[PDB]
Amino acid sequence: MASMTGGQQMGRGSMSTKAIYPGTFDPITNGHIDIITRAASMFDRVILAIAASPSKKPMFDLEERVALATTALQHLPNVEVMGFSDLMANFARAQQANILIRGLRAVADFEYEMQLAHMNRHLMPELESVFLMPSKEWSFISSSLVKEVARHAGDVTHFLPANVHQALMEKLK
């Protein structure tokens, strides 16, 4: 019915979905891989968006981050990896995304997540935020904590894909 209407996204059934999953991914962990695997199972396309210039100086640069993720996520056909240096809503808009994946680890974060969701609704109304709990197995891990365990020689082989574990050991002499 194209000559009458192009269509609306609401009240008219299911629509093509394209999700961004933004983060610093410094580096990508198995907790991250789990989230995006889950989101890629239920949305048509997912983009792992890696922040170029995070406020705190990352251990891996963008080019390293992007490469490690690419490799770690290549077995998922509907996932692509991109760096970005914008608001997550502007990137979403540029990418013609309509879904924003957010991992939801801690109670302490829930307020902030809600507030950021409200900001994003104001910024890009047609962008929907969707929240995924982490697996029980990855509930206590973070990039930051894996890096600090690793610096002081703790075993983190369980928490990382192999390519990342190797890059990480190299960073730490």
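All residue numbers refer to positions in the sequence shown, first residue = 1. We call the rigid core whatever largest set of C-alpha positions still superposes within 1.5 Å between the two forms.
How do 106-114 and 47-55 compare in 7 other deposited structures of this protein: which one has C-alphas farther from this form after the rigid core is matched?
When 106-114 and 47-55 are compared in 7 other deposited structures of this protein, the bigger C-alpha shift is seen for 106-114.
On average, are the C-alpha B-factors higher in 24-32 or in 138-146?
For C-alpha atoms only, the mean B-factor is higher in 138-146.
Would you tell me which stretch averages the higher CA B-factor in the PDB entry, 42-50 or 100-108?
The stretch with the larger mean CA B-factor is 100-108.
Is the Cα B-factor recorded for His165 in the lowest, middle or highest third of its chain?
Middle third.
Please place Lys56 in the lowest, middle or highest third of its chain according to the CA B-factor in the PDB entry.
It falls in the top third of the chain.
Among the modelled residues of its chain, does the C-alpha B-factor of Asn78 lie in the lowest, middle or highest third?
CA B-factor rank for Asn78: lowest third.
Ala69: which third of its chain by C-alpha temperature factor?
For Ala69, the deposited C-alpha B-factor lands in the lowest third.
Test of reading the entry: by CA B factor among the chain's modelled residues, which third contains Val130?
It belongs to the lowest third of the chain when residues are ordered by C-alpha B-factor.
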